[PDB]
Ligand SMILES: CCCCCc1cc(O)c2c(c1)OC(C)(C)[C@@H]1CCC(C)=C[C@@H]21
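Heads up, the chain below is alone and in the form deposited without the ligand; it's given as structure tokens.
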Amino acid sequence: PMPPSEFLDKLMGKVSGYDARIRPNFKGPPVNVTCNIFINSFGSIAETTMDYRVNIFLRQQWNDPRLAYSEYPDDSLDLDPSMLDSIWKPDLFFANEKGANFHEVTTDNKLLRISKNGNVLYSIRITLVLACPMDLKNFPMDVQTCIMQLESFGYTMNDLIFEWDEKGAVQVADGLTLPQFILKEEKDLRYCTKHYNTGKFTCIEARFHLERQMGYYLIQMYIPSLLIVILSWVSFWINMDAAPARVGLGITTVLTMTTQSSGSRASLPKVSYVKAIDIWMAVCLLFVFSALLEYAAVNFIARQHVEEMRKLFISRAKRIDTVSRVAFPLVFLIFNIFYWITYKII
């Protein structure tokens, strides 16, 4: 009969004394809050900052006996967020926020329904910029594991406990994809119960596995790394006589790799350890330096020399020919097969 908001005026109003400043089950067991998330947006995973932005629908559920309506004939009584500041709400924060905000476009993006037995479904749209430290040992073939963990800031573990629900604690949007990663379907769910000099607080955290789309880096970095090598090999297929041709083909290619390695770590943090993309472009350096270093041997032995003179110099230009025409493709290919098996096993 009476309008339910008018019903809720006495549901939680000064009549019946719903004090929003006192958790349910006061002085009893803690408040068991089941949580799950829904991921609209995901991406902008900046490694310069080692964070990422997500746009989730945080759903919470707890049981408040003070909210147990009985007269009403249905199961759910939704209510606009205008009085969402009227009921008790758990102080779930994100232990690695690094910035977050509500969405208030045309309305507070909030949801509030209440079952007969006091079950409170509480859902709000959030945009987080979560911090996840990036492990970059094997950079272009890394599997980053960024996390988001939900703690309680004020209430201790003996008054408020979080939990994930079993029926799909983490849903993802239907066509949600990324420009650079693959959000692997397996998603871990484990506790991260904290301790301070103030007490112990509740935590739960879902670990998102991330694997890179190697297609991009395969193009901008590896192929340019690979052309300079083959360009540095036919430089040895140059004319037999040492002329300024090898003078050009040598230093030109080395200068490429010098600039390549510059833009190599362009959008990369200043990590002290050595990653995998650079040792590729390191080995690519010492081969292209082998070219200018090899002609040093040729131009050295050539200026040495004349029967016995030319008979021994060209004998050096020949053994140096039949070796470099296969040695560079020999070690460079054996290096490649070893490099990629090292990273195809992780």
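Throughout, rigid core stands for the largest set of C-alpha atoms superposing within 1.5 Å between the two forms. Start at 1 with the first residue shown and count on from there.
The same protein also exists as the form deposited with the ligand bound; that form is not shown, yet it is the one meant from here on.
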Inset, instruction - May I ask you to decide between open and blocked for this site, after superimposing the site C-alphas so that the ligand adopts its pose in the entry with it bound, counting ligand atoms within 2.4 Å of backbone or C-beta atoms with 3 as the threshold? - result: open
Inset, instruction - Report whether the minimum heavy atom distance between residue 290 and the ligand in the entry with it bound is within 4.5 Å. - result: yes
Inset, instruction - Please run the contact check for residue 35 against the ligand in the entry with it bound: heavy atoms, 4.5 angstroms, yes or no? - result: no
Inset, instruction - Spell out, yes or no, whether the shortest heavy atom distance between residue 20 and the ligand in the entry with it bound is within 4.5 Å. - result: no
Legend entry - residue 331 within 4.5 Å of the ligand in the entry with it bound, heavy atoms: yes
Legend entry - 294, 320 and 327 each touching the ligand in the entry with it bound (heavy atom, 4.5 Å): yes
Legend entry - Did residue 316 shift 2 Å or more between this form and the one not shown, C-alpha, core superposed: yes
